[PDB]
């Protein structure tokens, strides 16, 4: 019944979950104030960047030194870290004294000397090792190696002191707060640990934070640990409705009035004192001890945090309260001991609840940063309150987990403390460096020197000459097909042309209208039709009847029903083409089972189907390959365009060639367009020394192994498969995705050209790269985004440079034909990669300018077809 009296008396010290979530939201605002640039200088929670960029992944290894300086004593540690799988650290340490005599230079001279004794005593003085520092307060820190004590940089001092000895030398330095060392130690055993926590004589906490939220450090990429210094929460008044008169009293009787106010609520230094003030006051009000007081009860610090831990710890704590009160000089009754015991619980429970509230906000922010619904997270924990107070860890654990239902949160107590932590920072720093040059060693295989592309250019040369002559054209991989397109535009052409573009299950039927003369141009009308799955699995004669009405329908839908026209034809399928108007289907592709086609002339197939529709009677002028149509299409814009190019789900190219050089066609006078089928470049082995294991792996798993090898380096779904195979390799090697391969990352096809283009065009915080990686079902961590964006940029650059080297041959092979030097030529280009990719165009233009300096090459975009150039080759065929 004295419990309820205390409860009602101390009511403002018993915090409802409501109050705690409100306090949690308040802390969230303070975190944003300290992180933001304009609000940081007056923010009470400083949110200091630690410059620690990553937690441990468990494979850290090496030997490391550290110093922990508290004053009047300090330790020098040697930390041996092995990657054997056990994550078992090896330590030795030694304590040295700093007498009152030990001027700055004298002090660090003494420190370097001890460190020198320690290294000699320890065998290691010929070794040059990293050195961590740990401090129990903040300094002013602009980089891992720096801090100003606030009067000078302590790293410069210890380094210049080492230089004056000449004994040993020291490697990279890190200076970290003791919360940070706690997090780092725990994160070496548990790699979900993103939060250091200390509830000690003092209290503070740190966490990993995303660089896009840290204004005070340049750059938006990745993460950095933030030392919150949350002891100062409420220094500006934010907590003053939670804080009581006892809280106020402690603050005025403190060495630092008005500072560290949240600490003064929750930590062990003031915790017992805060209980004394309640006893003094209740007694002065005659609610305890019959009003009597003792000289010791009114002396500060005489009731100790240790006494709280005792009183709640023993099964009889009323007896242990009787004894503490007696030592204070009082004569307690049973009630007085009941009330004392309970006051101890209320105070210690408030400390545990206030930690929960602010831990809740940190957990919530890490959760919104990662952006999933559920969060596995571990809190590295240290300090004398949470370790040696009997019930408080339980109370903290239970309250945190209530306040964050969305989180599975482990607690792990750090034993060995802050010595290894600073050491572990330098160990993780070495690991980041090793993994960087590791994955850069793989990427170097995909970065080609200007001398290497010239060699690739050369081999495109020989393979072109080889395909044109009649001797090797059977053996040549680049087949150099004659198109029988012998002429290019004038301003002359005028009329209406139909284009039938058929490959895959949906053809388009298009009407092309040409306005001659300067200005003028072309407009399009298409319509898309589907070939039903029956029609495609049936006979070929019912296939082209279905085709022919879709022409009849659209001609009518143009309003033109009943008019005869000339017609160009895009038939995308393996073909032997013997004449402009004649082509033989070799193999069906794309899913067409239609009988009576392979081995037949596709135009007679189409023409005999036009005879049968009783009205129809249209004229079939030409059969074309889609690159040829691309070249022709911007020939109407630019008369100087001799070359087509498509970079897309596939890649191909064509130029106008001297008929002297085409030996598969009788007669040497004039020029003829050559459809290279240059995706087949490299299928004889000529690129085999540029093909990585990743190229080889894409090749073996496609529909057409050993075939179209150059197309698979420069374009298609193949780029994202190259990317994926690299990413899998990095992950097997521990270099990405923390060494664990999703079944979803083993899914072939997931990296799609549209995604390689957005990934590469994203900057700053890479939110769009992470978004895509979430979309595809992959780990999205900031660190992972950078790497993935890098792999994409490398792969897409090689594709553009390789495309440049080969397109460089073509413009010289046009030039050596004519014996010329400086040429202005223009290339019509189509295809989705080149239009939509951010850097692909520019890189290839640069590549062509670099490896063909004598040629001056413009690239004009064409598009529209492909299938539309089919009617424009007809306009120039209806020429004669």
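Positions refer to the first chain, counted from 1.
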With residue 150 and residue 151 adjacent in the shown sequence, let me know how many deposited residues between them lack coordinates: none, 1 to 3, 4 to 9, or 10 or more.
10 or more
Look at the stretch from residue 528 to residue 529 and count the residues of the deposited sequence that the entry does not model, then pick none, 1 to 3, 4 to 9, or 10 or more.
none
627-635 versus 430-438 - greater average Cα B-factor per the deposited record
627-635
12-20 versus 852-860 - greater average Cα B-factor per the deposited record:
852-860
Residue set 202, 138, 648, 491, per-entry CA B-factor max assigned to 491
If I read the C-alpha B-factors straight from the PDB entry, which of 671, 770, 398, 327 is highest?
671
By its CA B factor, does residue 212 count among the lowest, middle or highest third of the modelled residues in the chain?
lowest
B-factor third for the C-alpha atom of residue 53 within its chain:
lowest
Compared with the other modelled residues in the chain, in which third is the CA B-factor of residue 602?
highest
Report the third (lowest, middle or highest) to which the CA temperature factor of residue 574 belongs, ranking only the modelled residues of the same chain.
highest
Could you say whether, by C-alpha temperature factor, residue 405 belongs to the lowest, middle or highest third of its chain?
middle
